[PDB]
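> Below: one structure in structure tokens.
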Amino acid sequence: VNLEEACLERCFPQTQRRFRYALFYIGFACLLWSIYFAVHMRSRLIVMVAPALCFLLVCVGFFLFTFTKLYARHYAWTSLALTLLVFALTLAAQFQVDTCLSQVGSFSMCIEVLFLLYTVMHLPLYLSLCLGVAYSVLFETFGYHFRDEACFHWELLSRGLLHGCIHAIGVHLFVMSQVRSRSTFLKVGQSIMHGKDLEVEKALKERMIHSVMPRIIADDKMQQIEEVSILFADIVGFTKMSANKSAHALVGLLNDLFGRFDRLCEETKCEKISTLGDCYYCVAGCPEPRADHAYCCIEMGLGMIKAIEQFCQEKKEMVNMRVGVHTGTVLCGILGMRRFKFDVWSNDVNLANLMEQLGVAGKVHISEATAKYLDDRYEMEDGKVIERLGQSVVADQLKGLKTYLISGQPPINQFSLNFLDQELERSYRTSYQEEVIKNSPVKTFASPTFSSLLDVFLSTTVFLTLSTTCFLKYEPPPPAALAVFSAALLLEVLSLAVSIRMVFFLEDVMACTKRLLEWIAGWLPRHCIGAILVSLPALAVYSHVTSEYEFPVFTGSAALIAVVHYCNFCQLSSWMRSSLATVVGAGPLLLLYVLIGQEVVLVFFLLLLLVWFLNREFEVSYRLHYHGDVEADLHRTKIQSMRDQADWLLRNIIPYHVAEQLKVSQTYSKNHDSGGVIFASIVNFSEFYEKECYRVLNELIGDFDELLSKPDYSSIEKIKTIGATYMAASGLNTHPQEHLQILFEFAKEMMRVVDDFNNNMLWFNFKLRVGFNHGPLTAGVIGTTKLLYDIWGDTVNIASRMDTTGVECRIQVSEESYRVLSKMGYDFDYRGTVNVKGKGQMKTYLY
């Protein structure tokens, strides 16, 4: 009931203006009648024109009531108060009747007041219908009882059918007027709610975009920006933190730790690329060409050491940082269509990663290139990596590069009734045509197809009842009367059958009649049939007139309703209906007469003005209703696009099995008893690389991304891509090791397209080493304002070890995975032993 109040207060300006215009019209009707009463009814003046002028003063008082704040609270009461007064005046004016007035004048007083109460007063259905019928029945009762004999069965039935028509038109007019207003208010409410939901989801999509891309990239496909300082950090001691701590608690610690990193990164105003497990590597100087990149990178790197001690002293941990800095040229951009993220690729990045591996815990490690951009603002210490770690495999490729360490510091025109935007107006014309075309179901009472059904039905019952009274008078009728009525009846039943078939769409329909049914729904053909349909009651009356006219009171009284019937078919243009009513529903009677003559001209002018005005008001109600519909549809198609974009970019960050949980809790955590991770890197790209070469790399990843869309790889969800390496995981959503089999086929299919893609290259084939290991892994979502899904653990780090110790297009596998891979029947070869941290020399078999 609160929304009904909300409907009423929003629609109140319409009701207030509608009531005010009724006040103007009734006073105008009272004034014009008084002038006519003053000239042709001079026999009794003070008893006839004084109520007219007194009621005119009442309208001014009622107009004064409108501005009052009390009227806004009880506008229904004021309309009810006027209704009784206008009822009393018309019945009193009918009470009296060169001293006699024709009834057609009184009938207009009954008709015009009835239309005002039903349509332009916004009173309830039960009150308006009961008051209208009670006023009508008392109008007829007073007329029959108080008739004059000095001047002037089936006759009584004719009066009821005539009054039956106006009430039928009146309730039809008011119900649809109510239906459009309620529908327009609702669709406006949905539109304003859709718009509010659009802003909250447009920001959500931007937040999803910012989770994989920086702000500057999001403004709008690769770059060759040089002089870029690359950070690298490692959580030395995560393996200790890995054991004897719960998964949710574990991801909580890193969420605060990386969140602390994210905050200080914002303080450093640098860019964070991604967090590879415990590693946190971030770039400076790209894509924005910042010149202080080295000094910021040193600052956050030392800040990370400062942050970890604060982090250690808060939740009581024992961990440190191994920071590595190397500046130089770098490549930036996006690879892939799914799980695509901003990343940096160069030999500098690997050396920057290598520098982090050559660092010492709690110390920032820098390159010689970085030292060139560093002044004495910090302390310089010799790197001393050669004697710290000996001549190890990691230290072989330093290639004589000296290194250093750092410790700290309403569009409708009033006249023509058209939409101001011509494109909207054109769509409005074809709306009924396309509504039939799409076969849209009848949703509400304001549907254009349903609206036509009742308009045709109302034109039916009005035409028969109006014609019934005319035939009751004759009970020889002229042949023109029978022929017109039969043709009108023949047209009416076919038009009614068209309306029901346009709504109900019976199974007897075929394509042939559908084409013409759509054809009829067009603007011009509907006006061609509609104008005749509207005029059908009008020609019914004028079919019964002959040369023996000199009969006149009945035809005039019946013609009062034929012009009244013209308010029906609201879908048709109001100007055509209003003009046709003047020319074909009122015109034929006016020149037929050519004081009774002066009275009829005044009577029809008042009715035509009311008919013209009501057609004006209900047309803009219909036009504004369609405006509300198209805006709601326009907002619904804009909310679905944002729905698709936000969901797709959510899939760009987290897989399916994570979206539901993030809808329940702000943090995600899960441990895995058995989990396989795939690492696939490209070697000969460096030989191919010399930005122009990386475009070929992008389509290669896009070809790899097409492997994920295959129905047989729905259990595999990639994690991310770093450099030329592709990281995929199988078993997160979980034969006990069926995920591994799909993962192995993914790696095999991975080189299959690699060899297939090499066929399109000129004298250059690509390379792909794949590592494989399965076991316990922990995953989770990192960040609050920037989401990030990644998996880390012993199996992940050992998986990357297998790519580093990799060979040509050959799937390196661990002993643990070989325990279950060779059982099924996979043909596997042996290679030997490689260096593995945490397990010593590892027995590595191969595909």
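The count begins at 1 with the first shown residue.
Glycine is no exception: its Cβ is also placed from the backbone N, Cα and C atoms.
Okay, these came from Swiss-Prot:
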type     : residues                                             : note
BINDING  : 234-239, 276-278, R322, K720, 790-792, 797-801, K837 : ATP binding site
BINDING  : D234, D278                                           : Mg(2+) 1 binding site
DOMAIN   : 229-356                                              : domain 'Guanylate cyclase 1'
TOPO_DOM : 66-74                                                : topological domain 'Cytoplasmic'
TOPO_DOM : 119-124                                              : topological domain 'Cytoplasmic'
TOPO_DOM : 501-528                                              : topological domain 'Cytoplasmic'
TOPO_DOM : 570-577                                              : topological domain 'Cytoplasmic'
TRANSMEM : 21-41                                                : transmembrane segment
TRANSMEM : 45-65                                                : transmembrane segment
TRANSMEM : 75-95                                                : transmembrane segment
TRANSMEM : 99-118                                               : transmembrane segment
TRANSMEM : 125-142                                              : transmembrane segment
TRANSMEM : 156-176                                              : transmembrane segment
TRANSMEM : 452-472                                              : transmembrane segment
TRANSMEM : 480-500                                              : transmembrane segment
TRANSMEM : 529-549                                              : transmembrane segment
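Give me the structural setting of these features: burial, nearby parts and distances.
If you take the C-beta of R801 (ATP binding site) and look for same-chain residues 6 or more apart in sequence within under 8 angstroms, you find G771, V834, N835, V836, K837.
With a cut-off of 8 Å between CB atoms and residues at least 6 apart in sequence, the same chain places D234, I235, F238, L254, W792 near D278 (Mg(2+) 1 binding site), listed in sequence order.
With a threshold of 8 Å between CB atoms, the same-chain residues lying at least 6 positions outside the topological domain 'Cytoplasmic' (66-74) that come near it are 12, 16, 19-20, 23.
Mapped onto DSSP classes, the topological domain 'Cytoplasmic' (501-528) shows 19 helix, 0 strand, 9 coil.
The list of residues near the topological domain 'Cytoplasmic' (570-577) in space but at least 6 beyond its ends in sequence, with Cβ under 8 angstroms from a Cβ of it, reads 176, 416-417, 432, 448, 451-452, 455, 526-527, 530-531, 534, 615-616, 618-619, 621-622.
Counting residues 6+ beyond its ends, the transmembrane segment (21-41) has Cβ neighbours under 8 Å at 48-49, 52-53, 55-56, 59-60, 62-63, 66, 82, 86, 89, 93, 98-99, 101, 112, 116, 120-121, 595, 598-599, 602, 605-606, 609-610, 613 in the same chain.
Long-range contacts of the transmembrane segment (45-65) within the same chain, counting only residues at least 6 positions beyond its ends with a Cβ under 8 Å from a Cβ of the stretch, are 20, 23-24, 26-27, 30-31, 33-34, 37-38, 71, 78, 82, 85-86, 89, 92-93, 96.
Residues 12, 15-16, 19, 22-23, 26, 30, 33, 48, 51, 55, 58, 62, 65-66, 106, 109-110, 113, 116-117, 121-124, 127, 131, 135, 138-139, 142-143, 146 of the same chain sit 6 or more residues outside the transmembrane segment (75-95) yet have a Cβ under 8 Å from a Cβ within it.
Listed by sequence, the residues of this chain that lie at least six past the ends of the transmembrane segment (125-142) yet keep a Cβ under 8 A from its Cβ atoms are 80, 83, 87, 90-91, 94-95, 106, 110, 113-114, 117-118, 159-160, 163, 166-167, 170-171, 174-175.
Nonlocal intrachain contacts for the transmembrane segment (156-176), taken as residues 6+ away from its ends with a CB within less than 8 angstroms of a stretch CB, comprise 110-111, 114-115, 117-119, 125, 128-129, 132-133, 136-137, 140, 144, 445-446, 451, 454, 458, 461-462, 465-466, 468-469, 472-473, 554, 557-558, 561, 564-565, 567-568, 570, 614, 618.
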> Summarise the domain 'Guanylate cyclase 1' (229-356) as counts of helix, strand and coil residues per DSSP.
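With helix first, then strand, then coil, the domain 'Guanylate cyclase 1' (229-356) has 60 helix, 29 strand, 39 coil.
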> How many of the residues that make up the topological domain 'Cytoplasmic' (66-74) does DSSP mark as helix, as strand and as coil?
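Going by DSSP assignments, the topological domain 'Cytoplasmic' (66-74) contains 7 helix, 0 strand, 2 coil.
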> Distance between the CA atoms of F152 and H153, in Å, given 8 unmodelled residues in between?
18
> Taking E475 and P476 as the modelled residues on either side of 4 missing ones, report their Cα-Cα distance in Å, whole number only.
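In this entry the gap's Cα endpoints measure 8 Å apart.
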> May I have the DSSP-based helix, strand and coil counts for the residues of the topological domain 'Cytoplasmic' (119-124)?
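For that range the per-state counts are 1 helix, 0 strand, 5 coil.
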> Across the 39-residue unmodelled segment, how far is the Cα of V594 from the Cα of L595, in Å?
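Flanking Cα atoms, separation 13 Å.
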> Taking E550 and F551 as the last and first modelled residues around a gap of 4, how many Å apart are their Cα atoms?
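On either side of the break, the Cα atoms lie 8 Å apart.
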> Rounded to a whole number, what is the CA to CA span in angstrom between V97 and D98 on either side of 20 missing residues?
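Across the gap, the Cα atoms of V97 and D98 sit 12 Å apart.
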> Specify the count of other C-beta atoms within 10 Å of the C-beta of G237 (ATP binding site).
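Excluding its own Cβ, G237 (ATP binding site) sees 16 Cβ atoms within 10 Å.
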> Count the other Cβ atoms sitting within 10 Å of the Cβ of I798 (ATP binding site), across every protein chain shown.
23
